[PDB]
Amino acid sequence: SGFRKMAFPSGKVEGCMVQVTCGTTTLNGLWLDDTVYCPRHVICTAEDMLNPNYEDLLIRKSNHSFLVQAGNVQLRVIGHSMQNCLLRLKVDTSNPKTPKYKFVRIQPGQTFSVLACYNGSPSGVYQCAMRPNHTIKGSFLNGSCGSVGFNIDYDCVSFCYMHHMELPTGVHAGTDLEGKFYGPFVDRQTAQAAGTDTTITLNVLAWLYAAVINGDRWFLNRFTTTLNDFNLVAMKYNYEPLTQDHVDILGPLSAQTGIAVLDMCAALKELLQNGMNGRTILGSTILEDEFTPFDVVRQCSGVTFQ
């Protein structure tokens, strides 16, 4: 029993972190096979940051403009190219610790583990959701750029995020491992702001299923709702519209608990309208939206505490 925000074991990713220096800028890189991936903003200096032209900044560098350190060992750069907002630095050594991996672009609402890293050395791990507005609520200081986000399926690491920047609200933006940003953001110091966010409805519902599997039913009611009547209420409370796809995704959790999705929806409608009356759900006084249905299945018992 219990329910915690649980990150993937980070060992396979720790063995891939390096430090990348260019001029007086140091940040983190990811070393797989004989390539090191890092944010391209490593090539900026102070002033470059406002209006940098990366093609023009890069063509001015050689291979030996880049210093790469793996632990206490210098990796020699024998090649470099730019791919979107990332650099791909070819090095002379293949990483002997390279796990099976994939690059994946996660979708809004999905979760992943972040390995916060400084000067190429891992310092902590925590679980994030990709918000609807394409930012994450991370925890990052200066020097954390190039820290990556990932999931693990079997023994395969699916990398999905590389950290690039912090926005004025203290939330975070970055790219997939193709260097394509999540959201409308750009790697330069303009006046960009996170758009308005929404509560992730599918996840709140998954988490209500988790509470049931774990033995708690207090928030349920005798009612049902239609997808549409639910969505009218959803909009009023800044929740994402529920779709039939979301209803189908919730199938297996519905089956394990015996609670029809739209019945769980009515329960949710009631919680939004009435509050929790000073009670908790899985120890929480608020409606948690950062566990997916897959997160609940991965953590909860396959047997309901009936």
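Quick note: we count residues from 1 along the sequence shown, nothing fancier. The term rigid core refers to the most C-alpha atoms you can superpose between the two forms while keeping them within 1.5 Å.
Participant: When the other structures are laid on this one by the rigid core, do the CA atoms of 119-127 or of 187-195 sit farther away in 9 other deposited structures of this protein?
Facilitator: Farther on average in 9 other deposited structures of this protein: 187-195.
Participant: Which of these two stretches, 35-43 or 48-56, has the larger RMS Cα offset in 9 other deposited structures of this protein when the rigid core is kept aligned?
Facilitator: After superposing on the rigid core, the more displaced stretch in 9 other deposited structures of this protein is 48-56.
Participant: Quick one: say whether 61-69 or 47-55 has the higher mean Cα B-factor in the deposited entry.
Facilitator: The stretch with the larger mean CA B-factor is 47-55.
Participant: Quick check on the record: does 185-193 or 122-130 carry the larger mean Cα temperature factor?
Facilitator: If you average the C-alpha B-factors of 122-130 and of 185-193, the larger mean comes out for 185-193.
Participant: Tell me which of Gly79, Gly146, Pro108, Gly179 tops the list for C-alpha B factor in the record.
Facilitator: Result of the comparison over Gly79, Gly146, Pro108, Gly179: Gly79.
Participant: Among all modelled residues of this chain, ranked by Cα B factor, put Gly29 in the bottom, middle or top third, i.e. lowest, middle or highest.
Facilitator: Lowest third, going by the recorded CA B-factors of the chain.
Participant: Is the Cα B-factor recorded for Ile259 in the lowest, middle or highest third of its chain?
Facilitator: Middle third, going by the recorded CA B-factors of the chain.
Participant: Sorting the chain's CA B-factors, does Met276 end up in the lowest, middle or highest third?
Facilitator: Within its chain, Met276 is a highest-third residue by C-alpha B-factor, going by the deposited values.
Participant: Quick check for you: using the entry's CA B-factors within this chain, is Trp218 in the lowest, middle or highest third?
Facilitator: Tercile = middle for this residue's CA B-factor.
Participant: C-alpha B factor of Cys22, ranked within the chain: lowest, middle or highest third?
Facilitator: Highest third of the chain for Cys22's C-alpha B-factor.
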